[PDB]
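> So I've got this experimental structure, pasted below with the sequence.
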Amino acid sequence: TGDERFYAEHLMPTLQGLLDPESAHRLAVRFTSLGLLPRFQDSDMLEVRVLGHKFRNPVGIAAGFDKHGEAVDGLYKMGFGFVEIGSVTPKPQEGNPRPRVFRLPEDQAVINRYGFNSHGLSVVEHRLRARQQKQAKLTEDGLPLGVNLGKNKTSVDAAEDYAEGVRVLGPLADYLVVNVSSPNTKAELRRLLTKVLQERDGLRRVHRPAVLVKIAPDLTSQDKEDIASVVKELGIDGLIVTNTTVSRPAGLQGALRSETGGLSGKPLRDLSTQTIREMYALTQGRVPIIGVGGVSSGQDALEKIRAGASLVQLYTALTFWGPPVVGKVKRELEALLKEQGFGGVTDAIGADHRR
Ligand SMILES: Cc1cc2nc3c(=O)[nH]c(=O)nc-3n(C[C@H](O)[C@H](O)[C@H](O)COP(=O)(O)O)c2cc1C
Ligand SMILES: CC(=O)Nc1ccc(C#Cc2cccc(N)c2)cc1
Ligand SMILES: O=C(O)c1cc(=O)[nH]c(=O)[nH]1
Ligand SMILES: [Cl-]
């Protein structure tokens, strides 16, 4: 380990006693944008090709860490195979009043109710424009960029909010995420998606992103049936499974366990894996899934891959372990793939459903 141990057992715990969660978040974004990051060689086993793109490795940074697109380059430096920014809202909005981010150290969990604090499409548009061609080279080198699209608190036409997002940031993105799963803000989902896809199809070819839908882990069985049906009917390019949970699993110990918000981290892990498993089966393994929820090790990552994920993301784990957790997850995942007889990540995708 080395750096891993220093960060996990000394640094992060020190920073956590000195800074509230949102200050820590804000300072992490600044340092990451500045390249102030701890100083793992990518191997051919971790490469994934999906959503029409090469991913040097399958470990991405989930939405919500870089909501405004300020640290994209620093996140590739940290070793993420792909970066997702957002959620971005059409117009700028401040989000919920503070405090709105809460630490549950005894559960390796976080509760957040940011409320889609966003700089807005226009600010984020120019931020991405200033590095558009640098990003084109990154994408070509297997380091793609995703943009997560939200809706303003006050909007009166949710589908037009997403359509404006497709129009404004779609041309700068490798894939788009239609986030219909924040807990902080069937033919009707079909209405929404039909309209996002038509707007996406209306973009010039070199500027035409894949479109993914991100779902909650709190869906009824009927909701998952209806989502799987529409996704396959409309040709949605993939799913992100899952957002945070508004449930509170039995056994939470943190004093702030009853704060309103979505719960992330280790108590969400297997709820998210089970939702990946179900969605993979309802879509017959034909719809790429990015698996997200409580990933902090190679075993966490592989369990979601085996359940049906082509790619994984993490966020809360970064808040406890720091940047070295990216190399840790990737090192452990490679070793586990060899240990279980998988030629590479690709071979492991959905492996549980074939056993
Ligand atoms: C503080 C915080 C903010 C988040 N903001 C967003 C967001 O704006 N949009 C989004 O789709 N997901 C958001 N998420 C969800 C993450 O992208 C991810 O789905 C979730 O936290 C599970 O992964 P994790 O357990 O590894 O963190 C947020 C999560 C956290 C903890
Ligand atoms: C809620 C939340 O976002 N929490 C959080 C996220 C990230 C960090 C960090 C960090 C870090 C550590 C070393 C170098 C650099 N650039 C950044 C801390 C807290
Ligand atoms: O901005 C938020 O509060 C937020 C959005 C989202 O999609 N997920 C989450 O946990 N929080
Ligand atoms: Cl648990």
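Looks like it arrived, so ask away. Numbering: from 1, shown residues only. Ligands and ions are numbered 1, 2, ... in the order given.
> Got phi/psi on the nearest residue to residue 208 once chain neighbours are set aside?
Nearest residue to residue 208 in three dimensions, chain neighbours excluded: residue 200, at 6.5 Å (CB to CB, 6 or more residues apart in numbering). (C-beta placed from N, C-alpha, C; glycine too.) The phi and psi values for residue 200, taken as degrees, to the nearest 10, are phi -70, psi -40.
> Now for residue 200: which residues touch it?
By CB atoms under 8 Å, 6 or more residues apart in numbering, residue 200 lies in contact with 166, 170, 176, 208-209, 211.
> In TSV: those, plus secondary structure, neighbour count and distance to ligand 1.
Compiled in TSV, the contacts of residue 200 are given as follows (DSSP: H, G, I helix; E, B strand; the rest coil; neighbours: other CB atoms under 10 Å; distance: CB to the nearest ligand atom, whole Å):
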residue	secondary structure	neighbour count	distance to ligand 1
166	helix	25	16
170	helix	22	17
176	strand	26	12
208	coil	15	22
209	coil	25	16
211	strand	26	14
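> Pick the one among these closest to ligand 3.
Among these, residue 176 lies closest to ligand 3 (CB to the nearest ligand atom), at 14.3 Å.
> That closest one: what's it in contact with?
Neighbours of residue 176 in contact, by CB under 8 Å, 6+ apart: 146-149, 165-166, 169-170, 196, 200, 209-212.
> now residue 162: how far from residue 234?
Note on residue 162: its distance to residue 234, by CB to CB, to the nearest Å, is 14 Å.
> Please apply the same query to residue 263.
30 Å.
> Give me the more crowded residue out of those two.
Comparing residue 263 with residue 234 by other CB atoms under 10 Å, the one with more neighbours is residue 263, at 27 against 16.
> quick check, that one in a strand?
Yes - under DSSP: H, G, I helix; E, B strand; the rest coil, residue 263 falls within a strand.
> got the contact list for it?
Residue 263 touches 104, 109-111, 244-248, 252, counting by CB under 8 Å, 6+ apart.
> what's across from it in the sheet?
Beta-bridge pairing for residue 263 (DSSP bridges): residue 111, residue 245.
> how close does it sit to residue 14?
The gap separating residue 263 from residue 14 is 25 Å, by CB to CB.
> Could you do residue 295 as well?
24 Å.
> Those two: who's more crowded?
For residue 295 versus residue 14, neighbours defined as other CB under 10 Å are more numerous around residue 295 (31 against 9).
> Quick one: neighbours of the residue in the stretch 251-355 of the chain that ligand 2 sits nearest to, just the number.
Closest to ligand 2 within the stretch 251-355 of the chain is residue 319: 3.6 Å, counting by CB to the nearest ligand atom. Number of residues near residue 319 (other CB under 10 Å) recorded here: 25.
> go on, the one 10 residues further on?
In terms of burial, residue 329 registers 27 neighbours under the definition other CB under 10 Å.
> That one: which element?
helix 325-339 (DSSP states H and E).
> wait, doesn't the residue of the stretch 251-355 of the chain closest to ligand 2 sit right on residue 19?
No - counting by CB atoms under 8 Å, residue 319 sits too far from residue 19 to count as a contact (11.0 Å).
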